[PDB]
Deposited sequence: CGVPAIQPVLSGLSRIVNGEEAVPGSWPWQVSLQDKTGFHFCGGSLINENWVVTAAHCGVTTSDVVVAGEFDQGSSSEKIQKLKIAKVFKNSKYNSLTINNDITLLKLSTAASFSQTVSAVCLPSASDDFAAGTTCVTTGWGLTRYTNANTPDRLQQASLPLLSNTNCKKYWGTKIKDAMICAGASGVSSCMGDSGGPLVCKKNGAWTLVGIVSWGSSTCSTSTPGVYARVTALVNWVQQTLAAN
């Protein structure tokens, strides 16, 4: 996992990504074809997203897109067999914001469709570390056709509390406050960090500034606090 065939070359204030460079990035679409949330493939049969995306078996997982306005990409619209919302999820506090999507039919991995790595529960993602977030959410609080990316730093929970207070829980990790912002439509999408040459999912786009303020920290589901559940869920289904 985590090594794109098409190497990425480095959301409000983001940049257009190189087509197919974030192979695990999928798009959650309603019956209507409307993109409402991002997702990350972890294997050919499972997608990780935000519990708040409120995905159902009537939504579809779309893989391999770059330009959502395009009809010329070899994309995969996959049916969802079932929705696994983490029982620890608290919608009131947006805590433990993660849901697993089991596909009815397996994605066909290619150059443009592949898996992101998942970390170990004990892994350390240090404050100051520069990671990348991707997605098709608003670029202006203004919806892009083409997939955007942005490099941004991890913050420590303590420093994040400075902005958000008691809203930040252990199962949360803050990123941003750097001149870029994840925004409406980015939710469920990946926050990845590169190490020993591969990308690991450290966060799931969860919530942030009501106006996608670029000077405010973005909040993501801390994958290290949720990976045991991911593993438990895959093991059992």
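Counting from residue 1 of the deposited sequence, the stretches lacking C-alpha coordinates in this chain are 11-15, 147-149.
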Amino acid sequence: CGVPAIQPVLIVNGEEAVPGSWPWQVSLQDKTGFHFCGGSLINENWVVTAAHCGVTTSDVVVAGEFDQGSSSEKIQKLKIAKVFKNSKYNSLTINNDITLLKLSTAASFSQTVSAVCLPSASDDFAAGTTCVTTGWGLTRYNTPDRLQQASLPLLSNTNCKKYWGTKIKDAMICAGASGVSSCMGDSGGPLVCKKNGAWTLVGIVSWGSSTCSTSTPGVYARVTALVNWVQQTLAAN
From here on, numbers count along this sequence of modelled residues.
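Definition used throughout: the rigid core is the maximal C-alpha set that superposes within 1.5 Å between two forms.
Of the two stretches examined, 121-129 and 143-151, the one with higher mean CA deviation in 8 other deposited structures of this protein after a rigid core fit is 143-151.
Core superposition of the other structures onto this form places the C-alphas of 184-192 farther off in 8 other deposited structures of this protein than those of the other stretch among 184-192 and 202-210. The PDB entry records a higher mean C-alpha B factor for 121-129 than for its counterpart among 121-129 and 148-156. Comparing 158-166 with 75-83, the stretch with the higher mean C-alpha B-factor in the PDB entry is 158-166. The entry assigns its greatest Cα B factor, within the set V219, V12, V227, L10, to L10. Highest C-alpha temperature factor among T99, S108, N96, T134, as the PDB entry reports it: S108. Sort the modelled residues of the chain by CA B factor and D67 lands in the middle third. Remark: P190 belongs to the lowest third of its chain, ranked by C-alpha B-factor as recorded. Split the chain's modelled residues into thirds by C-alpha temperature factor. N45 is in the middle one. When the modelled residues of the chain are ordered by their C-alpha B factor, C212 lands in the highest third. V116: CA B factor in the lowest third of modelled residues in this chain (values from the PDB entry).
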